[PDB]
């Protein structure tokens, strides 16, 4: 049948797992939008897999490109009618953007945050950077505070291009803040921000999470936040080490996981690492909580090379799910060394480096 031929054609182009649902998700997204960035967004499939599906549909005559937009052909409209694939409806809450939390009480914080981060360091390609919107950062504080994880708590920030530590300083909630980053620009900027605010209880240092954390970072914190790369190795280096910073049971962890650069097959492996290797429980998984500001190095990335139509994104297409985890009896972090180079950031499903 029609669908077997499509799936077979997609498997020729990628090693990323392909199911009938993969094809449905892309076809549903195409009926909603012709923008290739938005098709990745609305399908919730990883970009390289979406490209393979779009290329397969293009080759078999189910889609055409017109004005740099992917549209269903006559044969494409027959296919979606035959298989009952409608356009993907969206009922995301317009007030909270689907975040579950409203930031009406943090209007002063948002205002202060925007002004102090006016000249924030722009995203570096080498360190897989892309900062979230000011509204996302404030929503993170609201979320973390609503779960009782900030007020009088010792908070660890593993990597901080998002400048969550700056928002945490302005909130006045933590007892103390620890923040690290491989990028010198961010540690200097956060130090400058702390000096301007007059914030005493912050420890800032440069560090490569390829190395094991020193003793002063281990077993001494109540909450951690990180927004990591999505190789399984990077999950251990960022989230795993984040769990190692926590004192013991009853401590929290916050991090983003995309559908843009991780398939649901990798989600299963990531969740198995969390539940089996680190013994933590996942308390929340919130769709598109984090909205990322578009990054200037887009044209130098794998995504730009892969895409059949190459136009700079016109909106914030890239989003991630917010994970919350909590430690229990028998939880543990990651304390071993990692020696990979670019494979920390890059795998078959990644495209934004």
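Residue numbers count along the first chain shown, from 1.
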Unresolved residue 257 in a third or more of other entries flanked by modelled residues:
no
In a third or more of the other entries compared, is residue 25 missing its coordinates?
no
Which is higher in the entry, the mean Cα B factor of 170 to 178 or that of 86 to 94?
86 to 94
Mind pulling up the entry and telling me whether 258 to 266 or 110 to 118 has the higher mean Cα temperature factor?
110 to 118
Selection from 147, 241, 247, 185 [criterion: highest C-alpha temperature factor in the record]
185
For the C-alpha B-factor as written in the entry, point me to the maximum among 275, 197, 158, 235.
197
Which third, lowest, middle or highest, does the CA B-factor of residue 331 fall in along this chain?
middle
Grab the CA temperature factor for residue 140 from the record and place it in the lowest, middle or highest third of its chain.
lowest
By its CA B factor, does residue 103 count among the lowest, middle or highest third of the modelled residues in the chain?
highest
How does the C-alpha B factor of residue 209 compare with the rest of the chain: lowest, middle or highest third?
middle
Among the modelled residues of its chain, the C-alpha B-factor of residue 81 falls in the third labelled highest
